[PDB]
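In structure tokens, one chain follows: the form deposited in one PDB entry.
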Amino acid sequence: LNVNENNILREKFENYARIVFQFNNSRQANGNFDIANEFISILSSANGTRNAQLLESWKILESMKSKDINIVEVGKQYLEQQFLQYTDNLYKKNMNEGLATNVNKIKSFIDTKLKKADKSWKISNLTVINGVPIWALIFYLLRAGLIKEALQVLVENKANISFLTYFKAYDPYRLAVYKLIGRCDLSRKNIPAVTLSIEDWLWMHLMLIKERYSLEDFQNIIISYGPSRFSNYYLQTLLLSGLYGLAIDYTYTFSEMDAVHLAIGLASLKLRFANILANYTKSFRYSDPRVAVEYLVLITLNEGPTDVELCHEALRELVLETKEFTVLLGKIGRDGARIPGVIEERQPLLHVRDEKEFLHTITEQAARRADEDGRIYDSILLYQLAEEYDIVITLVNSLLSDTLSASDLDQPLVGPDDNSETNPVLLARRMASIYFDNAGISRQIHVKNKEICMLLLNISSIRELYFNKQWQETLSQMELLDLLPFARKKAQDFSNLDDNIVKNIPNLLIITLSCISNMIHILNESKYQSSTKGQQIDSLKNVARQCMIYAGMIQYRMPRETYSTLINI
């Protein structure tokens, strides 16, 4: 199965996921939720053989919630209720009413199912009174769960006739009633003339159970005959007999998705689950990591210490293999506070040993994995969530330093599409503004790292000035850097510069020298009237001259290629 194979299957996935979503919400708010009711709602509008079969299975589960656990009593209750409802629909069709007594809905039923049209009884040897078959009536009252009424009918006709003595304690139809009430002749479980449907058969057996006829015996018979002999009522049969594992199996044969969700239903009723959910996750795990988390969180539906470990393990393998860190593990907001990911939202349901250490451990681990894989952006994101502030600055300083030295001066550092997640300049600005102005966080950062970062930000500002041809403002910003000789002293210090700064100096010199060439040209124009024209030129030529000697002393510590474009300027 693959939930993304087509749009017909994809929609069903979304509808079911929303249900599971609301279920986790109830579990967590410790509130009221009726999952069976939910699917019943979604399936009642569906159409087909299997869908009609699934809709009824959910009704079976629904009619079973919050009830004393008793497979046989619950199967009887269900089948009896269902027959009653069935006789209702028949009355509301034949007599078009809806307000007749139970007893009358049933005589109306008995009357239209035991006559050949001929006003001739279809089954010979019926004991009759006032034109109505007392044992047939008595049987279908039982069959409807209406023991009070069945007893009344027996009492009334007492005389036209002490099985009645035993009945109070507890023709073919007369044979059935004695057999069911007496629970006699168990060797002959079947009395077919009065069995007109599969529902009737299952109910007959359930009646008979625990001279000795056990549920396990009933189940054996069912399994023995297999799906072959239950037409389109095998799932119901499986659930009614309490063969829950086999019900799921069977549902897998025509619909993996419905099987998963039926299993969620039985589980929520407390009756390979982790594996059922982990497997169903496989196809939408990468395209919908939030839905994956929702289904895996169901694993703790059972509170055993064993399957809580299965849940954490599955969640670990989700984050490691999908690397949807932001969604799963969260992200840091501009106030410095973590904005929870999906796993942190469902943490109550996770039954963790330590609220804070569970996510921290996964995060720290994924972090060491990211910097070993060379995933720089992942690393930065993860070390933020780890609150490893200093490592974050170090990694940003490298990333930003590398972007500056490797980009061309002619090309803008930052486009209109760029964001703090993908652009090193934008990213670094975001980190500075979240961490440097936050005293609690800044103290955790090494003053030198913070220095380098500010420098790299200043340099990125200088770069945008330079690109927009703001020569003079570039120069005065360049001068505040305290890096270039506005000489010999600083070339000697060149060896003590941070490794991140030194790869930026060659471009700094090319910007500096090129702003000077441009200003000088502007100052030489005729239109340029200033009384200090000449002292400005000279002063610019001084800076250029000192950068040149500086440049020459450090010439083999930048590519010849750049030292050459710098000399020829």
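Under this definition, the rigid core comprises the largest set of C-alpha atoms superposing within 1.5 Å between the forms. Numbers follow the displayed sequence, beginning with 1.
> Counting only residues that lack coordinates, how big is the gap in the deposited sequence between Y170 and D171? Pick none, 1 to 3, 4 to 9 or 10 or more.
The entry has 10 or more unmodelled residues between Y170 and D171.
> Check the entry and tell me how many residues of the deposited sequence have no coordinates between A117 and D118: none, 1 to 3, 4 to 9, or 10 or more.
According to the record, the chain runs unbroken from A117 to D118.
> So 187-195 or 328-336, which one's hotter by mean CA B-factor in the entry?
Comparing 187-195 with 328-336, the higher mean C-alpha B-factor belongs to 187-195.
> With reference to the PDB entry, specify whether the mean Cα temperature factor is higher for 339-347 or for 118-126.
Mean CA B-factor is higher for 118-126.
> Going by the entry, which of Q470, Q77, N89, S405 has the most elevated CA B factor?
Comparing C-alpha B-factors across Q470, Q77, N89, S405, the maximum falls on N89.
> Looking at the C-alpha B-factor values in the deposited entry, which of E256, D200, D378, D498 comes out highest?
When the deposited C-alpha B-factors of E256, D200, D378, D498 are compared, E256 is largest.
> Of the three thirds of its chain by CA temperature factor, lowest, middle or highest, which one includes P305?
Highest third - that is where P305 ends up once the chain's C-alpha B-factors are sorted.
> Ranking the modelled residues of this chain by C-alpha B-factor as given in the entry, is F33 in the lowest, middle or highest third?
Tercile = highest for this residue's CA B-factor.
> Looking at the temperature factor on the CA atom of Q411, which third of the chain's modelled residues does it land in?
According to the entry, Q411 has a C-alpha B-factor in the chain's highest third.
> C-alpha B factor of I393, ranked within the chain: lowest, middle or highest third?
Its C-alpha B-factor, which the entry lists for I393, ranks in the lowest third among residues of this chain.
> Would you mind checking where the Cα B-factor of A551 ranks among the modelled residues of its chain, as the lowest, middle or highest third?
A551: CA B-factor falls in the lowest third of its chain.
There is another form of this protein, the form deposited in another entry, and it is not shown here; the text below is about that form.
> Superposing on the rigid core, which residue among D217, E464, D249, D185 shifts its Cα by at least 2 Å between the shown form and the other one?
Between the two forms, the residue that moves is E464.
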